[PDB]
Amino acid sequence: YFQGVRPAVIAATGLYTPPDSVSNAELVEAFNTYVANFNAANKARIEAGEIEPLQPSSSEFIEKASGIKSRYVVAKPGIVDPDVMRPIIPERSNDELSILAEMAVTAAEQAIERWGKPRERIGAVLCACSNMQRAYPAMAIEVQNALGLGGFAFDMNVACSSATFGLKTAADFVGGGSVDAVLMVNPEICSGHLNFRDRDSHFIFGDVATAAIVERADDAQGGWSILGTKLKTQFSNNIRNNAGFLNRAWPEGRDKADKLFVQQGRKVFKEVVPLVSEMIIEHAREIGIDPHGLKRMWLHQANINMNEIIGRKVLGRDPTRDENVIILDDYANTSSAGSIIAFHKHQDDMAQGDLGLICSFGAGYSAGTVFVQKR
């Protein structure tokens, strides 16, 4: 006898949105006060030529650069204080659920409720996101325990593509029969690793958690068939953050700007757009899908201008907003979670049989495609 590979579905999704938002106007007001304060405080070093003066930001600059209008944050006060310019997040006892696991648990509970099946049915938890709150014990195991789940759990990180890589992984796990269902969580406190003092990036990151339940198709009721997945990585330093455990072996570097998100945005725009467009069209052809026939695309949620170009190349025409979803206006860039927020929030109106594409892309470089069909 041979065990056959089981096709998979996305059976449910969940979303946790933090209650507090920072509008571009609020972000820019604090940033510009910071700029003025900094330039005055450092005027002698600036005039000596030791450092460049800082430049003010504007809401028009942000909206033109990215389409972002606001972002949600877990901890607002420090982000809008020119003397702080970062989250203030006091540590919790080991006895308490961590802030990052708590977000994952809330999104997962929504997915579990929608799914409606006994949670004992979940055999793996994947915590797939751009930054774990600690190395060990794994976030996914903390989440597994808080949800009362059996089985196994682990953390995986490919930054902006963690949710599409996580869906692929989940599909292979249920495909091989070792589990009947997999819970993926994508908790993102991106405000925790953004440099709010950097004009080139201070508007980019926001916070959220998403979740998805993947199960084999022969047991699923409704949901979305996973028609196929494709994953690609190609090393680049154009999106990088050097913070991590070996900084303790060089504490003199710990407060350098490279210990937060650094993006060379012009290069990312030039290189990632054709990488992704080509990958989508190649993958569609491999699996016999006409990319021109897609009903909806849920692309990565970082830069509307990149999505416009990728979407146009995939569809062969200027995509409508309905068919090329944008949630980065409200959420800004949430790294791994963005394409999943778009999918979760913008799918109810489609017809049985409609084809969609979940596609993530960003740091690594990484990119992932998941073609789906409404059941």
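From 1 onward, residues are counted along the sequence shown.
> Out of 208-216 and 110-118, which stretch has the higher average CA B-factor listed in the record?
Result: 110-118.
> Between 171-179 and 157-165, which has the larger average Cα B-factor in the PDB entry?
171-179 has the higher mean C-alpha B-factor.
> Just to confirm, going by the entry's C-alpha B-factors, which of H202, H193, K256, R296 comes out highest?
The record points to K256.
> In terms of CA temperature factor as recorded, identify the highest of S59, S339, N333, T320.
Highest C-alpha B-factor among the listed options: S59.
> Relative to the other modelled residues of the same chain, rank the CA B-factor of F269 and answer lowest, middle or highest third.
Within its chain, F269 is a highest-third residue by C-alpha B-factor, going by the deposited values.
> Using the B-factor values recorded in the entry, state whether the Cα atom of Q3 falls in the lowest, middle or highest third among the modelled residues of its chain.
It falls in the top third of the chain.
> Just say lowest, middle or highest third for the CA B-factor of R240 relative to the other modelled residues in its chain.
CA B-factor rank for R240: lowest third.
> Could you look up the Cα B-factor of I289 in the entry and say which third of the chain it sits in: lowest, middle or highest?
Its C-alpha B-factor, which the entry lists for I289, ranks in the highest third among residues of this chain.
> By its CA B factor, does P77 count among the lowest, middle or highest third of the modelled residues in the chain?
For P77, the deposited C-alpha B-factor lands in the highest third.
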